[PDB]
Each structure stands twice: as C-alpha cells, then as structure tokens.
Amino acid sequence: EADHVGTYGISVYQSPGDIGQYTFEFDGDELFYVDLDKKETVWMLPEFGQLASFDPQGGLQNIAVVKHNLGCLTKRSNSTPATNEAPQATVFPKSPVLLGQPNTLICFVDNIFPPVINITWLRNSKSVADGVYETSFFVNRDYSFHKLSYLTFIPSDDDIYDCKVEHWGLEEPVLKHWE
C-alpha cells in the first residue's frame, strides 16, 4: 500500500431498512460521519471539526447515488442477497486496570457483515446503558466491517463484565467475558 490511506468517501447503504452511513477515514480511524437525519458533520475528535470542515450535503448526495445504484445492482444480480457472517468480539481495557481508577472497556467486533448489529454491555448480567458509546462501522479490506463499543467503568474486585453481540450471523446473542 502506502505511507498513508485517506478514504474520502465511504458510502454504505442497505436494503431493506433504508440504512445509510457515510464516513471519512484516515489511516484506519474515523475523521467524521454525516448524520444523514440531521444533515450534520459529526467529528470523532471535536478539535478537528474546528480545524477543518466538510459540507454534509456531500454525504447526502453520495448516499442518494448509492441508494439508487443498489436498486440497479439488485436487479442486475437477479436479487442475489448478502451472505451473513459470524462476527468475532474481543474485550480489552483502554488502560491498565487499577482498582478505583476510572477506565474504559472496549469491545471490538470484527467480521461484521451485513452491517447491522447489536453490541451491548452486561455488568454482572444486567444491561448497562449508562456511559456507553459506539463507533460507526469501519471498512475492512474484505468488505466486511468492524465496530467498537466503549463502556466507562470504575474497576472493582466485585464486578464481572460481558460484551454481548447480536447478529443475524448468530442464532442467539453471544457473550464475550472479561475480568
């Protein structure tokens, strides 16, 4: 490849669902995604959105094109559907885990295809909505996706954690355990 890789357009659209995503990537990281509903450029790092700009109209236009093309390619292929994959999750901390020192648990899920997934956290087996953030789907060279979920937490001798991934490629949600 290269010293660097700019991906200056990623348009992903799916049917049914009418699910669109438009991102920019640089060296594997997400610069921004275009909030298609709000027509807004949403930067992964706030500072960046004040150092540079992107007109979200670009994203909307891109998705519109790909939406149309998907129609055409669906017919052109005799409506061949996507083949579901089984994703793979690994859990790890952002930092070395020190009791009573706040940290972030990361769930990385790879081999995501199609890009529809539930990634949610269990804290000793109850759903943990609070302090949870997720990334966009990042592109893989084999045209599957990866996605990360983050849980902020206070480490503790007394707490067990799971990353649970629900995907069509899996019959029932699957738990990835960390302690």
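Residue numbers here begin at 1 and follow the sequence given.
In this entry, 158-166 shows the higher mean Cα temperature factor of the pair 158-166 and 21-29. Higher average CA B factor: 129-137, of the stretches 41-49 and 129-137. Compared with the other modelled residues of the chain, the Cα B-factor recorded for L98 ranks in the highest third. In the PDB entry, a CA B factor belonging to the highest third of its chain's modelled residues is recorded for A82. The deposited CA B-factor of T120 belongs to the highest third of values across its chain.
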